[PDB]
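Have a look at the structure below before the remarks.
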Amino acid sequence: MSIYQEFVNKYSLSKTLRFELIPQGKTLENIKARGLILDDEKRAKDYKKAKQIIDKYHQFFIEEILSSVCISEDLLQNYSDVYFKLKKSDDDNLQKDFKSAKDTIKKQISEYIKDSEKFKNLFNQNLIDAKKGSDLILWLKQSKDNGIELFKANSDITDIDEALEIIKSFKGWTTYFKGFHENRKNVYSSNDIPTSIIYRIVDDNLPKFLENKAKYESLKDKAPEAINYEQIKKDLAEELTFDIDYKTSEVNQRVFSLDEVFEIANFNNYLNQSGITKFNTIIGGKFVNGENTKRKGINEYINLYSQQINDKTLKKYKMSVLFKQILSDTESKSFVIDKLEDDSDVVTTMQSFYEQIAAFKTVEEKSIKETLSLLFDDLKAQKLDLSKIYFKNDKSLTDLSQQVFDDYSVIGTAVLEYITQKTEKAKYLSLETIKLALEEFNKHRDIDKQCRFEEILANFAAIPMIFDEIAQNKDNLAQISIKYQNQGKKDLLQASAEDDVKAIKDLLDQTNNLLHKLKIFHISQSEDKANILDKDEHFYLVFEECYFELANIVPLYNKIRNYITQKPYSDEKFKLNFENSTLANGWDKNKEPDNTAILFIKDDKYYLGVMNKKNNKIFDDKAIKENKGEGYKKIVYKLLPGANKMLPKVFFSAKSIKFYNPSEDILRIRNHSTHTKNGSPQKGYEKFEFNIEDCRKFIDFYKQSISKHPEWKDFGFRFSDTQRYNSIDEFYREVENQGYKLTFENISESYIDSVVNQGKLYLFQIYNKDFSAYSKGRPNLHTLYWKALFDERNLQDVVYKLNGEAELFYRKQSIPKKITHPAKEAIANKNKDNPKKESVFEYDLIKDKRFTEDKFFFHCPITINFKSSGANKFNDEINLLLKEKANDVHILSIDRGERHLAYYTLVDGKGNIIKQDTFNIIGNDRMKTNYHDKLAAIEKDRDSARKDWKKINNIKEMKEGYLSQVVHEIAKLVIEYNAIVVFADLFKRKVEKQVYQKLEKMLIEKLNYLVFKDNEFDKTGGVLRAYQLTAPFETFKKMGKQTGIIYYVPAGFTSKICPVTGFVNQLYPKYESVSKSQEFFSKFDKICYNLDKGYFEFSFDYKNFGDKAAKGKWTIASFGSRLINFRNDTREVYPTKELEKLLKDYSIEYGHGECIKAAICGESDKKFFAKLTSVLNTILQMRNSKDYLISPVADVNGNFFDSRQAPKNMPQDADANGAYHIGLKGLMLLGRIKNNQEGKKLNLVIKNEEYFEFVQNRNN
RNA sequence: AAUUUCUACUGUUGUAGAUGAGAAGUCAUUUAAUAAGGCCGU
DNA sequence: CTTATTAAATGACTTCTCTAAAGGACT
DNA sequence: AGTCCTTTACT
Ligand SMILES: [Mg+2]
Ligand SMILES: [Mg+2]
């Protein structure tokens, strides 16, 4: 039945399995007797510090390599001119002259870093363990003789002396870093990878500096006035200093002009993170301490000018920051608050503040509490001349009016009509002008609903009491302080103290808001002489003395926030090593002594055994011979990895090249690499074009050399005839496919048992809960995949292979063992629908039991579909099957809504809906859980938790362990209905959409290797014949619009559209003036009233209306109810009745059918057209929520679409109509796949007009 | 309320489904504080 | 609501490896 | 001349 019986074993992929190692017998006593666990704990803790130490030198190495770098200006100019040409031109002269302009600058930078002396040894044993003479140990000694303190920065390392001791630790362990070095090789690789400084510099930062140059020379034309240049040369003078101008090549250091920083040739001063910062600060500006105002930057000046002149085109020029330089550690040019290191720095800094604010005394020798009560009681008693005392015309004045009158613009517009009773905003506003303007404002306002000056004098009269709110709290605070006055405990961010953190923050909040209440009075000395004001000097004298002392809260608040929001340190798992720098690194028999790990099977149980470093001859052929018996089945593992490297390494080995004796012709082929089309020639030689005859000649040389090799003839290779090969990666493929064998040896239980006793071998049981004797019923997909690693039916035709480089980990207990539900005590079942309301267990149940002991773990890499390697043009094979089978395929489409995390409509080749249902509640889920609410409240809790400085819990596992459920319902749907899955790209234009994206990713990854736990191991769908229906994930950029049976369509006009007629609202009717209304409506064709039906009718054509992309003659009725959300909430509006209420206001007669078209556009009134363009917005508003979708346009029967009542083949509400119309764009996409012709390229871009034509005319 | 680990579970020393790991780097977002500004509050 | 700066946090994205045996250094 | 940790081979 299934159309995918053939999409199996399409390509190989990598996976890793995890198990628990249960130690066996005396291994655990023998381990700790050698204290191997505590020892590895410390060697992780050093390995971290070791790579930290190294990086400090890769840091020095990046910076000196890059101030040496220079890019030839006319090379940049070659990139720029070509880079913009890529925009608005698709030409392949361009693509070629761009990849050649990009590759030459990377070549220029890669040559530079490849020649330096530090580079050679950067990745070998001489970096830390120079055999005779070592690079890092010099650098640490240079930087100690220069007294430069590299490890002030990180707490875990004291001085440079300690950092020597830690590099010394890894004497014989240079290989242990090989993978780390891999991560560092990546930092410099010229290849097209984002981990590289060369990639960051050419792919990331150059474009961004070029976009800003285009935005700098295009800003000057449209808004010359935007940037106050003189002030940024006076504010940002530090980060305009550039020693070299690279357009002039002058070497003197002097402050640049912006015209110079945007010299394309000066991009060279922004290569390092120092100059990245400087460029970014010209963009962003900086704070300074002592300065109250913040020194602005280019991006702010663009912003402030565009809100001044009300031009929102200027936003197009917001400059882009440059990404930090890779591996760079960097502090900012803007001020950075001092940090707290422990609790004791939190109690001390609090005391000293709240003490001064109690101890401080004004000039007049009056406390902060007395100065304010005196000052404010005086205002409520109106003893103060109100012209003397002003408010700041600020967000602070706006906050006042909201707090006291419950609308912000109240004070604003009250003083704007009393002035008129051209004037600028005043910097400050007097209290008298406030009391008069609102005194006359309330004269016009209603007596019930009016805002009195006496409500303002309420707010402040009451300020003094905030200090008695604080005094009793600053006193139980004294209790809490004693608890944490401990010189480095740092045990206050431990979630147990969260009740005490709530107390400390309410102090800090009450004292913050009190500041934000006084703030409206303060007259900052921000140096403006443009205006001055004549205050009440006495009041301002002793106020502004108080205010400054309280202002010292905002640096206090940040420090405490910044220490209590810190996540507490957590003990994690660490690697285990059992004394081998190279442990489990390679399973092969010949490496068993170098890598210590061996596997065993006994009685369908799996074991891992790791010999003592001192006894690794334990399992040599001798010991396997005199200890053959029927106990344990040792796996013996034979691999030939990477044939393309390994057959040349071994045949042409200086050791053994003479024995294999290649002819001077085969050497010819090797040195010039004629056997390959893009392979490397031997050093000293030049690469020659690929010669097929040479290619089979070489392959034959390999073939003879494999039978001459003593060991590799044991594999039993059955190659194709070398005249079948067209390329040498095909021979390598056979060598690798058949270079992997698993045999066994039976070993006396008595032998294993006495060797495990003596600590000669550490034996574990590889375990998950399916290897429980009690486990009946489906194993995890992972248990399947591992058991097949050794199944006889896997081993005749290998589809599951066992990768080298497996790891073992220790995990210390993390929560106390608590017996959450005692044994034989019934426990109630959470499922209200279960038959058993409770259930009793003969045994104890312990919550999170896996975490109440220490455990050992085994991570194991495997390779799937081992033999059938790779798939190019995968989509092309999918598309091929789909064309031929396109009558049979169904479209599953999946949309997101506001109500729905995800929704699905299954539609057939016609357009009928087979299934439609939500995913807010799964299955078949015996415990209905509306996950839309579960996540909703888990997300609220987090925003709530961020604000009270409580711990921020993870949402991703909740979300993932949820989509895991729907991708299971999506696999079942696709295989059963022979479907393709169609999603929305991302009309329709961040947390509800990442649960939608997260679904797509777990579905692409699950369609990579789909196994039905139920299908027979031997046949398609099962362990050996697993469905592959998606091409492997690489980049979202490389992936594009299709990845297998998954497709993406443009998502426009899927929400708002009629399912039955295809109508869409593109009129976009808005009102601005009477003339455009009286001009829009006339553009109609007919506006009549239907008598026999009882609504209004607006017949028209779209083309006549202004926008040109508009095709179709439609008739749109006011039939039905409708919804609209107002602030008093939503109300039911009948527009058919709302129009009757408007015509009879303005005397138009409608009750006999006469077309009213002419009457409306003749009338002058603004109100008349305002409710009419409104009742038109409601006539066309198809989605109505508080939820359902309604349609004005009749079908042939003259009926109108309502989601409340629709057949099963049509949507049930606007959300399913969303996904239904994604599936209609899929039905379109199916089309172009069926009617695709051979040799051609599929087109997968739907334009809105080919869509409209297809949804509009399908029904009609 | 048990887990290689995650979710929901009682599915009975576990049930269903999911599960590519280690290292490395980078980016985006949220919330808070702050600076200057906009508008038919939030 | 914007444009910015600092801090603390969670999350998501692109790189590399998933080896046996040659080869050399200390012994 | 044996042990065993480090590079090696290519693309
Ligand atoms: Mg199970
Ligand atoms: Mg749980």
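The way I read the labels, and the way they are meant: chains A, B, ... in the order of the structure tokens, residue 1 as the first residue of every chain, and ligand 1 as the first ligand shown, with later ones counted on from there.
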Checklist entry - Residues of chain A within 6 Å of chain B, using only C-alpha atoms (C1' of nucleotides), as a PyMOL selection string? => result chain A and resi 15-16+18-20+183+195+293-294+304+307+946+957+961-962+964
Checklist entry - Could you list, as a PyMOL selection string, all the residues within 7 Å of ligand 1, counting only C-alpha atoms (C1' of nucleotides) and all ligand atoms? => result (chain A and resi 770+777-780) or (chain B and resi 15)
Item to check | Close residues, residue A:882 itself excluded, 12 Å, only C-alpha atoms (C1' of nucleotides), min 5 positions apart in chain, as a list in words | outcome: residues 3, 4, 7, 875, 876, 877, 887, 888, 889, 890, 891, 978, 979, 980, 1029, 1044, 1045, 1229, 1230, 1231, 1232, 1233, 1234, 1235 and 1236 of chain A
Output for the residues just chosen: C-alpha atoms as an mmCIF file, in the first residue's frame:
```
data_model
loop_
_atom_site.group_PDB
_atom_site.id
_atom_site.type_symbol
_atom_site.label_atom_id
_atom_site.label_comp_id
_atom_site.auth_asym_id
_atom_site.auth_seq_id
_atom_site.Cartn_x
_atom_site.Cartn_y
_atom_site.Cartn_z
ATOM 1 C CA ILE A 3 4.272 4.594 -1.827
ATOM 2 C CA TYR A 4 7.585 4.827 0.043
ATOM 3 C CA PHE A 7 12.786 5.089 0.185
ATOM 4 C CA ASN A 875 14.651 15.873 -3.421
ATOM 5 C CA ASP A 876 14.883 14.937 -7.118
ATOM 6 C CA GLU A 877 14.184 11.273 -6.169
ATOM 7 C CA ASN A 887 -2.760 10.813 -7.746
ATOM 8 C CA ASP A 888 -2.046 8.855 -4.605
ATOM 9 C CA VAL A 889 -0.427 11.604 -2.512
ATOM 10 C CA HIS A 890 -2.150 13.612 0.169
ATOM 11 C CA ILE A 891 -1.097 16.974 1.615
ATOM 12 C CA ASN A 978 1.119 8.663 1.665
ATOM 13 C CA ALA A 979 1.495 12.369 2.410
ATOM 14 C CA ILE A 980 3.990 15.172 2.057
ATOM 15 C CA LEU A 1029 11.892 10.721 3.688
ATOM 16 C CA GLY A 1044 12.303 15.623 1.173
ATOM 17 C CA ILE A 1045 8.619 15.101 1.700
ATOM 18 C CA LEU A 1229 3.031 22.515 -5.541
ATOM 19 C CA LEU A 1230 1.944 18.945 -6.201
ATOM 20 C CA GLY A 1231 0.770 20.080 -9.622
ATOM 21 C CA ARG A 1232 4.075 21.472 -10.813
ATOM 22 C CA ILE A 1233 5.702 18.190 -9.695
ATOM 23 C CA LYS A 1234 3.287 15.973 -11.641
ATOM 24 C CA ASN A 1235 3.430 18.173 -14.783
ATOM 25 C CA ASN A 1236 7.239 18.532 -14.509
#
```
Checklist entry - Counting only C-alpha atoms (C1' of nucleotides), what is within 12 Å of residue A:1220, bar same-chain residues fewer than 6 positions away, as an MDAnalysis selection string? => result chainID A and resid 891:896 903:908 911:917 982:984 1051 1053:1060 1209:1214 1226:1227 1255
Item to check | Counting only C-alpha atoms (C1' of nucleotides), chain C residues within 7 Å of chain A, as an NGL selection string | outcome: :C and (3-8 or 10 or 14-20)
What would the file look like if the residues just selected were written as a tab-separated table (two decimals), in the first residue's frame with N, CA, C and O atoms (P, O5', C5', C4', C3', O3' and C1' of nucleotides)?
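As written to disk, part21.tsv reads:
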```
chain	number	residue	atom	x	y	z
C	3	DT	P	15.03	50.29	17.05
C	3	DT	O5'	16.24	51.23	17.45
C	3	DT	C5'	16.51	52.37	16.67
C	3	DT	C4'	17.54	53.20	17.36
C	3	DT	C3'	18.48	52.41	18.21
C	3	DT	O3'	19.42	51.76	17.42
C	3	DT	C1'	17.80	54.29	19.39
C	4	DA	P	20.39	50.69	18.10
C	4	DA	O5'	21.51	51.59	18.74
C	4	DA	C5'	22.32	51.07	19.72
C	4	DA	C4'	22.56	52.13	20.75
C	4	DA	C3'	23.10	51.60	22.05
C	4	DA	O3'	24.47	51.36	21.92
C	4	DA	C1'	21.36	53.09	22.50
C	5	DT	P	25.02	49.86	22.00
C	5	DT	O5'	25.54	49.81	23.48
C	5	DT	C5'	26.45	50.76	23.86
C	5	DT	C4'	26.37	50.97	25.33
C	5	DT	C3'	26.39	49.71	26.15
C	5	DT	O3'	27.69	49.17	26.23
C	5	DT	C1'	24.81	51.23	27.02
C	6	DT	P	27.87	47.59	26.44
C	6	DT	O5'	27.52	47.36	27.96
C	6	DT	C5'	28.36	47.92	28.91
C	6	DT	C4'	27.78	47.75	30.28
C	6	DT	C3'	27.51	46.32	30.70
C	6	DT	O3'	28.72	45.67	31.15
C	6	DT	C1'	25.64	47.66	31.21
C	7	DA	P	28.80	44.06	31.23
C	7	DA	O5'	27.58	43.68	32.19
C	7	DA	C5'	27.77	43.62	33.60
C	7	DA	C4'	26.49	43.19	34.31
C	7	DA	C3'	26.09	41.75	34.08
C	7	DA	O3'	26.81	40.89	35.00
C	7	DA	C1'	24.19	43.19	33.85
C	8	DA	P	27.30	39.42	34.52
C	8	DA	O5'	26.03	38.50	34.80
C	8	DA	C5'	25.45	38.48	36.07
C	8	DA	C4'	23.99	38.10	35.98
C	8	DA	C3'	23.68	36.94	35.06
C	8	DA	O3'	23.98	35.71	35.70
C	8	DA	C1'	22.12	38.66	34.67
C	10	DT	P	20.10	29.86	32.73
C	10	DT	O5'	19.11	29.98	31.47
C	10	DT	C5'	17.69	29.99	31.65
C	10	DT	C4'	16.98	29.99	30.31
C	10	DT	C3'	17.29	28.76	29.46
C	10	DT	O3'	16.13	28.23	28.92
C	10	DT	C1'	17.82	30.72	28.25
C	14	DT	P	22.31	25.96	11.04
C	14	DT	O5'	23.91	26.15	11.07
C	14	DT	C5'	24.51	27.32	10.51
C	14	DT	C4'	26.03	27.32	10.71
C	14	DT	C3'	26.76	26.12	10.08
C	14	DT	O3'	27.82	26.58	9.24
C	14	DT	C1'	27.36	26.34	12.38
C	15	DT	P	28.76	25.50	8.51
C	15	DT	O5'	29.99	25.33	9.53
C	15	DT	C5'	30.72	24.09	9.59
C	15	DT	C4'	31.90	24.20	10.55
C	15	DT	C3'	32.59	22.90	10.81
C	15	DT	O3'	33.54	22.75	9.90
C	15	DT	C1'	32.20	24.01	12.87
C	16	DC	P	33.65	21.34	9.17
C	16	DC	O5'	34.42	20.45	10.25
C	16	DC	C5'	35.64	20.91	10.80
C	16	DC	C4'	36.06	20.08	12.01
C	16	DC	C3'	35.73	18.59	11.98
C	16	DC	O3'	36.69	17.89	11.24
C	16	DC	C1'	35.23	19.49	14.09
C	17	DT	P	36.41	16.41	10.69
C	17	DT	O5'	36.52	15.50	11.98
C	17	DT	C5'	37.74	15.37	12.68
C	17	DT	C4'	37.51	14.51	13.90
C	17	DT	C3'	36.77	13.22	13.62
C	17	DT	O3'	37.66	12.20	13.18
C	17	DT	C1'	35.77	14.31	15.45
C	18	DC	P	37.09	10.97	12.31
C	18	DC	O5'	36.08	10.24	13.31
C	18	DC	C5'	36.55	9.20	14.13
C	18	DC	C4'	35.53	8.79	15.19
C	18	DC	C3'	34.40	7.91	14.72
C	18	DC	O3'	34.80	6.56	14.79
C	18	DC	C1'	33.54	9.71	15.99
C	19	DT	P	35.04	5.70	13.46
C	19	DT	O5'	36.60	5.94	13.13
C	19	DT	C5'	37.60	5.63	14.13
C	19	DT	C4'	38.74	4.77	13.56
C	19	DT	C3'	39.63	4.09	14.62
C	19	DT	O3'	40.05	2.79	14.17
C	19	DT	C1'	40.95	5.50	13.28
C	20	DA	P	40.58	1.67	15.22
C	20	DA	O5'	41.60	0.77	14.33
C	20	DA	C5'	41.27	0.40	12.96
C	20	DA	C4'	42.49	0.48	12.03
C	20	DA	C3'	43.75	-0.29	12.49
C	20	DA	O3'	44.36	-1.01	11.37
C	20	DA	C1'	44.23	2.05	12.25
```
Kindly provide the residues of chain D that approach chain A to within 8 Å, each paired with its closest atom pair and their distance in Å to one decimal, based on only C-alpha atoms (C1' of nucleotides), listed by chain and increasing number, as CSV.
```
residue,atom,partner,partner_atom,distance
D:5,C1',A:172,CA,6.9
D:6,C1',A:175,CA,6.9
D:8,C1',A:649,CA,7.1
D:9,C1',A:645,CA,4.3
D:10,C1',A:645,CA,4.9
D:11,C1',A:679,CA,6.5
```
Output N, CA, C and O atoms (P, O5', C5', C4', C3', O3' and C1' of nucleotides) of each residue in that selection to a file, as a PDB file, in the first residue's frame.
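Wrote again.pdb, looks like this:
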```pdb
ATOM      1  P    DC D   5      51.147   5.337  26.295  1.00  0.00           P
ATOM      2  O5'  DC D   5      51.129   6.898  25.985  1.00  0.00           O
ATOM      3  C5'  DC D   5      52.211   7.703  26.395  1.00  0.00           C
ATOM      4  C4'  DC D   5      52.677   8.598  25.256  1.00  0.00           C
ATOM      5  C3'  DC D   5      51.605   9.490  24.641  1.00  0.00           C
ATOM      6  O3'  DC D   5      52.173  10.765  24.379  1.00  0.00           O
ATOM      7  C1'  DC D   5      52.614   8.196  22.945  1.00  0.00           C
ATOM      8  P    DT D   6      51.295  11.951  23.758  1.00  0.00           P
ATOM      9  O5'  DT D   6      51.720  12.000  22.227  1.00  0.00           O
ATOM     10  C5'  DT D   6      52.988  12.526  21.902  1.00  0.00           C
ATOM     11  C4'  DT D   6      53.256  12.568  20.399  1.00  0.00           C
ATOM     12  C3'  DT D   6      52.319  13.451  19.563  1.00  0.00           C
ATOM     13  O3'  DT D   6      53.100  14.254  18.676  1.00  0.00           O
ATOM     14  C1'  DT D   6      52.413  11.253  18.673  1.00  0.00           C
ATOM     15  P    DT D   8      52.500  14.780  10.882  1.00  0.00           P
ATOM     16  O5'  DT D   8      52.058  13.440  10.158  1.00  0.00           O
ATOM     17  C5'  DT D   8      52.841  12.266  10.289  1.00  0.00           C
ATOM     18  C4'  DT D   8      52.170  11.151   9.530  1.00  0.00           C
ATOM     19  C3'  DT D   8      51.327  11.660   8.364  1.00  0.00           C
ATOM     20  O3'  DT D   8      51.938  11.303   7.107  1.00  0.00           O
ATOM     21  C1'  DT D   8      50.026  10.176   9.803  1.00  0.00           C
ATOM     22  P    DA D   9      51.727  12.229   5.807  1.00  0.00           P
ATOM     23  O5'  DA D   9      50.625  11.478   4.966  1.00  0.00           O
ATOM     24  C5'  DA D   9      50.742  10.103   4.754  1.00  0.00           C
ATOM     25  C4'  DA D   9      49.379   9.527   4.530  1.00  0.00           C
ATOM     26  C3'  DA D   9      48.488  10.412   3.699  1.00  0.00           C
ATOM     27  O3'  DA D   9      48.642  10.026   2.345  1.00  0.00           O
ATOM     28  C1'  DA D   9      47.347   9.386   5.569  1.00  0.00           C
ATOM     29  P    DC D  10      48.326  11.044   1.141  1.00  0.00           P
ATOM     30  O5'  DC D  10      46.749  11.226   1.251  1.00  0.00           O
ATOM     31  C5'  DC D  10      45.915  10.966   0.148  1.00  0.00           C
ATOM     32  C4'  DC D  10      44.483  11.265   0.513  1.00  0.00           C
ATOM     33  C3'  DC D  10      43.927  12.485  -0.192  1.00  0.00           C
ATOM     34  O3'  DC D  10      42.773  12.145  -0.822  1.00  0.00           O
ATOM     35  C1'  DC D  10      43.553  12.649   2.151  1.00  0.00           C
ATOM     36  P    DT D  11      42.568  12.629  -2.314  1.00  0.00           P
ATOM     37  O5'  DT D  11      41.105  13.292  -2.309  1.00  0.00           O
ATOM     38  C5'  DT D  11      40.089  12.835  -1.397  1.00  0.00           C
ATOM     39  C4'  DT D  11      39.398  14.019  -0.738  1.00  0.00           C
ATOM     40  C3'  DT D  11      39.409  15.303  -1.587  1.00  0.00           C
ATOM     41  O3'  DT D  11      38.092  15.735  -1.869  1.00  0.00           O
ATOM     42  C1'  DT D  11      39.976  15.739   0.685  1.00  0.00           C
TER      43       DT D  11
END
```
Proximity check chain A to ligand 2, 12 Å, nearest pairs one decimal Å, only C-alpha atoms and all ligand atoms, as a tab-separated table:
```
residue	atom	partner	partner_atom_place_in_ligand_line	distance
A:846	CA	ligand 2	1 (Mg)	11.9
A:847	CA	ligand 2	1 (Mg)	8.7
A:848	CA	ligand 2	1 (Mg)	7.9
A:849	CA	ligand 2	1 (Mg)	11.0
A:850	CA	ligand 2	1 (Mg)	11.4
A:957	CA	ligand 2	1 (Mg)	10.7
A:958	CA	ligand 2	1 (Mg)	10.0
A:961	CA	ligand 2	1 (Mg)	10.2
```
Checklist entry - So what do you get for atom CA of residue A:160 versus atom CA of residue A:60, distance-wise? => result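 Interatomic distance here is 15.0 Å.
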Can you list, as a PDB file with N, CA and C atoms, in the first residue's frame, all residues belonging to stretch 555-612 of chain A that DSSP tags as strand (DSSP E or B)?
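As written to disk, selection-v8.pdb reads:
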```
ATOM      1  N   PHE A 574      31.592  14.539  34.585  1.00  0.00           N
ATOM      2  CA  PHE A 574      32.933  14.701  34.043  1.00  0.00           C
ATOM      3  C   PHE A 574      33.365  13.410  33.365  1.00  0.00           C
ATOM      4  N   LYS A 575      34.304  13.561  32.434  1.00  0.00           N
ATOM      5  CA  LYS A 575      34.817  12.419  31.692  1.00  0.00           C
ATOM      6  C   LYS A 575      35.542  11.480  32.640  1.00  0.00           C
ATOM      7  N   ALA A 597      39.361  -0.239  25.940  1.00  0.00           N
ATOM      8  CA  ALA A 597      37.988  -0.707  26.114  1.00  0.00           C
ATOM      9  C   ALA A 597      37.648  -1.973  25.327  1.00  0.00           C
ATOM     10  N   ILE A 598      36.991  -2.922  26.003  1.00  0.00           N
ATOM     11  CA  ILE A 598      36.480  -4.120  25.348  1.00  0.00           C
ATOM     12  C   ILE A 598      35.019  -4.337  25.691  1.00  0.00           C
ATOM     13  N   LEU A 599      34.246  -4.788  24.699  1.00  0.00           N
ATOM     14  CA  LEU A 599      32.869  -5.228  24.873  1.00  0.00           C
ATOM     15  C   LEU A 599      32.740  -6.744  24.968  1.00  0.00           C
ATOM     16  N   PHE A 600      31.664  -7.176  25.629  1.00  0.00           N
ATOM     17  CA  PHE A 600      31.346  -8.576  25.899  1.00  0.00           C
ATOM     18  C   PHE A 600      29.842  -8.771  25.880  1.00  0.00           C
ATOM     19  N   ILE A 601      29.409  -9.961  25.509  1.00  0.00           N
ATOM     20  CA  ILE A 601      28.005 -10.322  25.664  1.00  0.00           C
ATOM     21  C   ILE A 601      27.917 -11.643  26.415  1.00  0.00           C
ATOM     22  N   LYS A 602      26.982 -11.708  27.362  1.00  0.00           N
ATOM     23  CA  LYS A 602      26.689 -12.925  28.092  1.00  0.00           C
ATOM     24  C   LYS A 602      25.205 -12.947  28.411  1.00  0.00           C
ATOM     25  N   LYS A 605      22.915 -10.074  27.718  1.00  0.00           N
ATOM     26  CA  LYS A 605      23.321  -8.884  28.445  1.00  0.00           C
ATOM     27  C   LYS A 605      24.591  -8.316  27.826  1.00  0.00           C
ATOM     28  N   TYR A 606      24.725  -6.998  27.828  1.00  0.00           N
ATOM     29  CA  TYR A 606      25.888  -6.359  27.221  1.00  0.00           C
ATOM     30  C   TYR A 606      26.807  -5.756  28.276  1.00  0.00           C
ATOM     31  N   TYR A 607      28.109  -5.995  28.132  1.00  0.00           N
ATOM     32  CA  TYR A 607      29.120  -5.554  29.090  1.00  0.00           C
ATOM     33  C   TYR A 607      30.229  -4.754  28.411  1.00  0.00           C
ATOM     34  N   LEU A 608      30.750  -3.772  29.136  1.00  0.00           N
ATOM     35  CA  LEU A 608      31.929  -3.032  28.712  1.00  0.00           C
ATOM     36  C   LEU A 608      33.021  -3.232  29.749  1.00  0.00           C
ATOM     37  N   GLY A 609      34.227  -3.527  29.277  1.00  0.00           N
ATOM     38  CA  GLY A 609      35.347  -3.879  30.125  1.00  0.00           C
ATOM     39  C   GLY A 609      36.554  -3.066  29.727  1.00  0.00           C
ATOM     40  N   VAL A 610      37.173  -2.462  30.735  1.00  0.00           N
ATOM     41  CA  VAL A 610      38.238  -1.501  30.554  1.00  0.00           C
ATOM     42  C   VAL A 610      39.386  -1.978  31.424  1.00  0.00           C
ATOM     43  N   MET A 611      40.372  -2.605  30.802  1.00  0.00           N
ATOM     44  CA  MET A 611      41.522  -3.185  31.488  1.00  0.00           C
ATOM     45  C   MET A 611      42.336  -2.131  32.221  1.00  0.00           C
TER      46      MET A 611
END
```
Checklist entry - as a count of residues only, which residues of stretch 301-521 of chain A does DSSP assign to alpha helix (DSSP H)? => result 120
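Between atom CA of residue A:1172 and atom CA of residue A:1139 lies a distance of 7.8 Å.
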Item to check | Distance of atom CA of residue A:1066 from atom CA of residue A:1097, expressed in Å to one decimal place | outcome: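 Taking atom CA of residue A:1097 as the start and atom CA of residue A:1066 as the end point, the length is 17.7 Å.
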